[PDB]
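Following: one structure in structure tokens, then a few remarks.
What you see below is based on every heavy atom in this structure, not just the backbone, and it leaves out hydrogens, waters and symmetry mates. To find a chain, count down the sequence lines: A is the first, B the second, and so on, and within it residues start at 1.
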Amino acid sequence: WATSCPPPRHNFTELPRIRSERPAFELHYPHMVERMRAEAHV
Amino acid sequence: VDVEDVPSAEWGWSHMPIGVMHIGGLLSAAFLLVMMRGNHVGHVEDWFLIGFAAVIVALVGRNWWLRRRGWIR
Amino acid sequence: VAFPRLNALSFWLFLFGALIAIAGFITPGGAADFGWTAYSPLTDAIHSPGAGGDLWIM
Amino acid sequence: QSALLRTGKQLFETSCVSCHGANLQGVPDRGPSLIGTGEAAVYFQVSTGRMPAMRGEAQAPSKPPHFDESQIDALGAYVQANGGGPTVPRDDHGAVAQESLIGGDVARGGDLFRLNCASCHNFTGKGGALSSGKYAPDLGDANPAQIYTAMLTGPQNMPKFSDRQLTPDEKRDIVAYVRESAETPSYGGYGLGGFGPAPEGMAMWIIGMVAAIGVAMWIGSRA
Amino acid sequence: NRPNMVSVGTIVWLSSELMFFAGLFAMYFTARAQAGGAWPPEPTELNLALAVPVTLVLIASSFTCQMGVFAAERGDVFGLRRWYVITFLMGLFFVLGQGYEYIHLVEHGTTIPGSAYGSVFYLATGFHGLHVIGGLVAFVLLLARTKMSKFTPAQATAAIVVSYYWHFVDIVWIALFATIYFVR
Amino acid sequence: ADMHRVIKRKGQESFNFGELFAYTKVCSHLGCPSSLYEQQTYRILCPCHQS
Amino acid sequence: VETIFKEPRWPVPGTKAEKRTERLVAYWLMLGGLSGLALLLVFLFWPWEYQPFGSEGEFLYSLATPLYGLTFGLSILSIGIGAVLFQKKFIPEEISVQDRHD
Amino acid sequence: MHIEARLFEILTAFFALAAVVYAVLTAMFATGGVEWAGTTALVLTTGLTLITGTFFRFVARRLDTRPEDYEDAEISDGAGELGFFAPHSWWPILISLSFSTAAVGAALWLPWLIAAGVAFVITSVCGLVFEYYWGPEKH
Amino acid sequence: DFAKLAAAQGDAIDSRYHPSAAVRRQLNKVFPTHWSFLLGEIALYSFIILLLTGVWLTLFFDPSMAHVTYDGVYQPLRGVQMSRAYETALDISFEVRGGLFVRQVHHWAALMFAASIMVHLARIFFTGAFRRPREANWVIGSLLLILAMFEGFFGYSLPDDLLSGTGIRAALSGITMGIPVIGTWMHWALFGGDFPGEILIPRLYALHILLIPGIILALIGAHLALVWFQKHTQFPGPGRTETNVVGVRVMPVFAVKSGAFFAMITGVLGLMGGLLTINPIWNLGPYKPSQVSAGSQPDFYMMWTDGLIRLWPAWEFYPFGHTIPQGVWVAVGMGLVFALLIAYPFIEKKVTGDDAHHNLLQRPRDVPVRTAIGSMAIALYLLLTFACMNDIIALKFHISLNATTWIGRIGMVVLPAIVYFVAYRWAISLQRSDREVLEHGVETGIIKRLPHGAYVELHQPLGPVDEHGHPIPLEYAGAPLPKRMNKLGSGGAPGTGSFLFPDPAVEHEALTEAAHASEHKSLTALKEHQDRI
Ligand SMILES: CCCCCCCCCCCCCCCC(=O)OC[C@H]1O[C@H](O[C@@H]2[C@H](O)[C@@H](O)[C@H](O)[C@@H](O[C@H]3O[C@H](CO)[C@@H](O)[C@H](O)[C@@H]3O)[C@@H]2OP(=O)(O)OC[C@@H](COC(=O)CCCCCCCC[C@H](C)CCCCCCCC)OC(=O)CCCCCCCCCCCCCCC)[C@@H](O)[C@@H](O)[C@@H]1O
Ligand SMILES: CC(C)=CCC/C(C)=C/CC/C(C)=C/CC/C(C)=C/CC/C(C)=C/CC/C(C)=C/CC/C(C)=C/CC/C(C)=C\CC/C(C)=C/CC1=C(C)C(=O)c2ccccc2C1=O
Ligand SMILES: CC(C)=CCC/C(C)=C/CC/C(C)=C/CC/C(C)=C/CC/C(C)=C\CC/C(C)=C/CC/C(C)=C/CC/C(C)=C/CC/C(C)=C/CC1=C(C)C(=O)c2ccccc2C1=O
Ligand code: HEC
Ligand code: HEM
Ligand code: HEM
Ligand SMILES: CCCCCCCCCCCCCC(=O)O[C@H](COC(=O)CCCCCCCCCCC)COP(=O)(O)O
Ligand code: FES
């Protein structure tokens, strides 16, 4: 979900920083990065 | 034909009239339908002839209708 | 993928292998009739002599 | 021998009632009557493995036999006792005759085979296709007794040649040609199946033309 | 600095190939438990005067195959070719030795339709012999590629993964040889 | 048992001696001997062009 | 006709590759000569007469014609292989252009 | 790549435990003694994970941390050529057709078709292996 | 010694005939080296082998229909009544040393001859070599293919065995006699009365040994002379124009290659003649009208005619107390195919309107309509050929015989349509594949990760590049384009030496330097020639 629809021949014109299992969500919503780390545990 | 459709359009025979393929397909289905006339007593083959003829007629009709409406060229 | 040509080989091996097993329906005897479990000795040549079972195996 | 009859019936009950009936009268649309077929028909149908059949189709194929020689004789005697019929030839020791059935005139057997058999089994018993799903199987595996019983009983679509239409000596000549035409090696190289031009054209295209074109590639150039 | 992709793919496939021999092993053991006391039964008479020298040749082929790997890792294409040609010859000798064993076993009454032991013995050893033949084809194909282009690291990788298959084949035979000729 | 299924051709109703029938062995299509007689299906097959 | 390219196959003399290639061509020609001599020998001395079915000489007779084609075929084929190799390894490579004037 | 083989070692231990337990539990209070088919399959199922896990264990301890094995690596750390990946090839469909020809021959038991299929497979496999290694034509 | 004799003989020849200017012209003629150009030599070499083996066979063959009693060594036929034609055919294969080898080589040579024409005709059709000024050369060849078909058909009818005698009875007799009005008069004029008669085999023997081969030889000589003075068409490429021929001269490169190819073709036929049994007439027996075996297939070149008979329905007409049988459909259809094959170049020049001089061939991908039409014809021919083998296929492959007839019947109309559509799309798609190389270069297969995470594939430009690095798009020139880096020399060379031991390093360096120097000069010569013209 961090690439175009459809993806190019080699699937990626760029890659984001990978820090969790939701890299695209972090890329599209940078402001939610702090919330996900804080609220991850019940 | 244009070079956008057939890149080597100027290097050889690259266009066949659509009327030839449409009439040939209709004659194709008609020949399948006339072959039910024969000495065979079974009808399994007849249903196969009918199905293939119907498929050919449907393809010809779809192509003709789409070319008439202008969706394909 | 790691092996692009091996990836393409899997598709065609899968397409032609499936067609071989299905091609039993065009034989006069028919295709395999012992169930997908192919329990023995029902699949033995004595009990399943037709070529439909052999095409199913291959 | 009462031992041979009750053994045959005991084998028959758990293997041949579902399609042929308990009293050998036949089950309609499942199997014909076995009355009058004789021991020769049972011997052929069981020793060739054709029986017991497994399903209804265009033609019941041959397969490994479900009984051994002793059980075949018991089954044959039980069917023979119900309606009579032809019997399989036997030798001096009472065993099924195999070598004594080989005739001495193979030239006569060849002409008889070409008149009476070649049409369905091909020039050299390689088999041939029939109308709808049926076929004349290749004759290279049948022993002389099986060929004799096939000629006697006429299985499935093969004509039931009687001992009057084809005399025992004529039958022995035919099986001599059948047995020798299968055991004779090819003289001009690999036999290519013995089916005639059809394998010959296939072999040419896949071997000589491939080699000729492959050699042309090596000598010639691309682009 | 990275794992060899071809080596990982070959090792992964080699592990899966072992399950194919697992099915053959199960058939041999199932028939052995139903033998009744005679395994192998008459008239099968296994002789170690031929299997042992044949087995030793296949084991020695692994050492020369490893020598070719060292030459390949060293960049010496000619050293790789010499060792792999020697390995191919001994591997061919193994196939001929197995076939010569097959001929005498058939003449003495041990065949696939003849007995249950013949079925499991020929399927287990015959399928391994097919794997040996496939390995010999791999040697020829790899050596033919050595005459096409300069000795590159990817080409040296292909030499290593071929030796992986040959080592796998040799190890499987040791299990087959010990299970058939000693654990009767 | 199959004599009730026999259909006679006009002018040939008495050409058979009971259950014995005689037909020419030459195929009417191109002259090949059509001698592949199936006893059960009562079909005469010509090996040349499958008549 | 103008030959725009014409060069010898071995500009560098005294190389082991040239001698190795020379032997390779000779080996194929030698095989053709050996097979041609074999064809002469099998045609004269191999049992060629037909033997009846079940006879002791049937097997040898069945290999008479196969041996004729193997020796004859391999002989001229090897000569052809050697001739191709000589052209591709010793006859100088040339590119020639001819005006059609058609 | 320490996680990858830890996956296989974890599977290896369970398969070894199941193979041992099943063999012992079938040796006792089970009709016919040891059930050989399942025991052989379970024992060599452990072998599959053992070979792959052992190889990954040896590869892991040789090379240091990779960019995809780092807990805080940057995208720019992976810059460089990855390797060779085939752009296109029609050989794979020929290999499958060659293999399917042999299977059809084996299904109907036609030795000539089996021989043709095996020859086709060898030629098709040769083309795939040699596709990116054939040199230019020499004339 | 040996040098003086050649000089003396050369002067003696020149003094009496002065063939110096003419011979030098033949030695300097340039022939293109393409592999597909050798497809016409295979048919020519097969014909020569047929002449040599055919002459040998005439020394032992008696083509008589008189019935005799067999007295040869073949025990399974001792005493069997047979014709003299079948008598001597057995004598050749059993009583003459090498007769079986010669007879098998002859019939294998016929199969290669027929197969070579079909393959050679395919290249002429697909590459456009039939265009002007070569319309008549196509026409002459089309007659040669028809003559070869009937010559082969008469060839295996000579032994008068059961298999071929059945083929004669159906094809030569029933179809001929079924023709309307004059059909029975043609049968009487050819058989001398009714089938089989007593003069068919001698007449077929004469037609097969003198007349048809004599016409073929005359037509072949005209074919070779036309393709020897009209020149040979070449594929487009570097330095190739409509007014020149690029390749090698006859002496010595082309003569050696042609002669070596003849030796290799003979070896292939010699091996097949002595490794594969072909036409074992003794297993079939003498022909009797009351006998008939299954799988009565003719030779593969005559299968499509038989397949047409098997597939066409039983449509007959009975006008005014007459009969028009089913064989008339095959007879008319057979003639229609030959008429279309002969007159195709004129049909295309009428349809396309192209009536210009053509010396450069067309790649089949660049003419999608003709390629699709030819693929359609090939598919139809293959289906007709396999329909003749429907009974054989039914037995071996477990297919209903009724199904095979209807599969061929329906496929006779559906399969050519499918193949035409697929081939037309395939031909255009290959044009797109050629284009992608032109504007983007050769895909090297190496994937590179950029610092920002982009994945790009390294491309090898075939020409000049931009300041950004992207290659300038190139224009298609009708020539094949490289698609593999190894074909461009990126793989290098393994190293000079034997297969097991290396040569000294100085020798390897000298050899590789000479090779790199030679290839550069060859490319430069072609480039300089192309630039000049
Ligand atoms: C440069 C190019 C030039 C070279 C070209 C030359 C190539 C030819 C090579 C081969 C030459 C061999 C010469 C020896 C001849 C010989 O001495 O002959 C022996 C006997 O052998 C067969 O007897 C079998 C039994 O022995 C009998 O006991 C049994 O009875 C009998 O059974 C028949 O008879 C029964 C009734 O009796 C019926 O019941 C039954 O059904 C059947 O009919 C059996 O025969 P059968 O099953 O036919 O085959 C059995 C075959 C198995 O098949 C085969 O060979 C298949 C393979 C070849 C056949 C032809 C190719 C097929 C092509 C197709 C088109 C494939 C389809 C593809 C589709 C794609 C396209 C479609 C769109 O096993 C074998 O021989 C094993 C041998 C294998 C040897 C392989 C050769 C190695 C070459 C290596 C070269 C290295 C060179 C390197 C150089 C550097 C019969 O022939 C006998 O008459 C014959 O007598
Ligand atoms: C029982 C039994 C044993 C009997 C079997 C009988 C039998 C089948 C016998 C066959 C014997 C045969 C065929 C033997 C001869 C084989 C043979 C060709 C010889 C070997 C040659 C060889 C090994 C070469 C090495 C050295 C050598 C002599 C080189 C070649 C020499 C020459 C002059 C070549 C001869 C080949 C030849 C006939 C043609 C070359 C000359 C020319 C110009 C060819 C004619 C020609 C050609 C070929 C075109 O391609 C062409 C294309 C387009 C337009 C026109 C033409 C055209 O006219
Ligand atoms: C009217 C007409 C044209 C009839 C044909 C109709 C028809 C259905 C044909 C083929 C049917 C087949 C092949 C049935 C088998 C079942 C099956 C697997 C179906 C196909 C499934 C499918 C389409 C998908 C799998 C992928 C695929 C395309 C693979 C199939 C490849 C194969 C095996 C095709 C071969 C079929 C074929 C027609 C070939 C026969 C060639 C000939 C002429 C053989 C003659 C021949 C014979 C018979 C010998 O005995 C012999 C003995 C020794 C040496 C040589 C030969 C020899 O060549
Ligand atoms: C076509 C109508 C046939 C004629 C004429 C002959 N045979 Fe036949 N035969 C035919 C079929 C369809 C079958 C299979 C029947 C079955 O019940 O499965 C057979 C069978 C045989 C056999 C058995 C072969 C075996 O599988 O080993 C033999 C030995 C045999 N046929 C021989 C034979 C002879 C000698 C014939 C001339 C008198 C003959 N057959 C005629 C079809 C036809
Ligand atoms: C006896 C059969 C035939 C023989 C021996 C034969 C021989 C040849 C030869 C040797 C050549 C030159 C080499 C080549 O281009 O391949 C050639 C060229 C040619 N042949 Fe054939 N040929 C035969 C049949 C045919 C057929 C069937 C056709 C077409 C229907 C045909 C048409 C041509 C044409 C047009 C050329 C022109 C050559 C060219 O321009 O490239 N020939 N023939
Ligand atoms: C295009 C050329 C030719 C073709 C295609 C051809 C084809 C054939 C074929 C297929 C046969 C049957 C072979 C067999 O019986 O097994 C045959 C037989 C024969 N051919 Fe030819 N032939 C050709 C030229 C010649 C020539 C030129 C002669 C004689 C000079 C000749 C003489 C014979 C003889 C005598 C027979 C029969 C003897 C026998 O059956 O073996 N042929 N021909
Ligand atoms: C069966 C044998 C039939 C005759 C074959 C003759 C073969 C030997 C030819 C010798 C040629 C002498 C060349 C020479 O340098 O001497 C020359 C003889 O004078 C000539 O120019 C002869 C011209 C006619 C030659 C035509 C021969 C065609 C043969 C084609 C072979 C492919 C001497 O000239 P010079 O002094 O060297 O300049
Ligand atoms: S000859 Fe009987 S079908 Fe044509």
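- Of the two parts of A58(D), neither the backbone nor the side chain holds a non-hydrogen atom closer than 4.5 Å to a non-hydrogen atom of chain I.
- Contact count against chain I (heavy-atom pairs under 4.5 Å) is highest for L192(D) among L192(D), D105(D), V106(D).
- In terms of heavy-atom proximity, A129(D) sits nearest to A394(I) at CB-CB, 4.0 Å.
- Proximity to chain I is limited to the backbone of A136(D), based on heavy atoms less than 4.5 angstrom apart.
- When all heavy atoms of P480(I) and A223(D) are compared, the closest pair comes out as CG-CA, 3.9 Å.
- Between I219(D) and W35(I), the closest side-chain pair of non-hydrogen atoms is not below 4.5 Å.
- For the pair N402(I) and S131(D), the minimum side-chain heavy-atom distance is below 4.5 Å.
- Heavy-atom neighbours of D29(D) CG from other residues, nucleotides or ligands within 6.0 Å: at or below the threshold of 12.
- Most heavy-atom pairs under 4.5 Å with chain D, from the set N283(I), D299(I), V119(I), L284(I): that is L284(I).
- The CE atom of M209(D) sits 6.0 Å away from atom CE of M112(I), with the distance rounded to the nearest 0.5 Å.
- With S293(I) contributing its side chain and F123(D) its backbone, the two residues share a donor-acceptor pair below 3.5 Å.
- Within the model, atoms NZ of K487(I) and CZ of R222(D) stand 7.0 Å from one another, a figure rounded to the nearest 0.5 Å.
- Note: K396(I) NZ to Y135(D) OH = 9.5 Å, rounded to the nearest 0.5 Å.
- Only the backbone of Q75(I) comes within less than 4.5 Å of a heavy atom in chain D; its side chain stays farther off.
- No part of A479(I) comes within reach of chain D, as not one of its non-hydrogen atoms sits under 4.5 angstrom from that chain.
- Per-residue counts of heavy-atom pairs under 4.5 Å with chain D were compared for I393(I), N279(I), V292(I); the largest is that of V292(I).
- No side-chain heavy atom of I392(I) sits less than 4.5 Å from a side-chain heavy atom of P199(D).
- Using a 4.5 Å cut-off between heavy atoms, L163(I) contacts chain D through both its backbone and its side chain.
- Of the listed residues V268(I), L276(I), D391(I), the one with more heavy-atom pairs under 4.5 angstrom with chain D than any other is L276(I).
- Counting only heavy atoms from C-beta outward, the side chains of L111(I) and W205(D) never approach each other to under 4.5 Å.
- Across all their heavy atoms, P280(I) and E200(D) have their closest contact at CD-OE2, 4.4 Å.
- Taking NZ of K288(I) as the start and CZ of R114(D) as the end, the distance is 8.5 Å to the nearest 0.5 Å.
- No donor-acceptor distance shorter than 3.5 angstrom exists from the side chain of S400(I) to the backbone of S132(D), with no hydrogens or angles considered.
- Proximity to chain D (any heavy atom under 4.5 Å) is restricted, for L38(I), to the side chain, taken from C-beta onward.
- Within a 6.0 Å radius of CD in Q25(D), other residues, nucleotides and ligands contribute more than 12 heavy atoms.
- Only the side chain of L39(I) comes within less than 4.5 Å of a heavy atom of chain D; its backbone N, CA, C and O stay farther away.
- Looking only at heavy-atom pairs under 4.5 Å with chain I, the residue among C117(D), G127(D), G196(D), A212(D) that has the most is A212(D).
- Proximity to chain D involves both the backbone and the side chain of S116(I), based on heavy atoms less than 4.5 angstrom apart.
- Contact annotation for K126(D): only backbone heavy atoms (N, CA, C, O) come within less than 4.5 Å of a heavy atom of chain I.
- Residues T277(I) and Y187(D) have side chains not in contact (no heavy-atom distance under 4.5 Å, counting atoms from C-beta outward).
- Residue contact with chain D, scored on non-hydrogen atoms closer than 4.5 Å, involves the side chain of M118(I) exclusively.
- The environment of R97(I) atom CZ is dense: over 12 non-hydrogen atoms of other residues, nucleotides or ligands sit within 6.0 angstrom.
- The part of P298(I) that comes within reach of chain D is its backbone (N, CA, C, O), which places non-hydrogen atoms under 4.5 angstrom from that chain.
- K160(D) NZ: 12 or fewer foreign heavy atoms inside a 6.0 Å radius.
- Using a 4.5 Å cut-off on side-chain heavy atoms (C-beta onward), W282(I) and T184(D) make no contact.
- Of the two parts of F94(I), only the side chain, counted from C-beta on, holds a non-hydrogen atom closer than 4.5 Å to a non-hydrogen atom of chain D.
- When side chains are defined from C-beta on, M389(I) does not count as touching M202(D), because their heavy atoms never get closer than 4.5 Å.
- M272(I) and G208(D) get closest at one heavy-atom pair: SD-CA, 3.8 Å.
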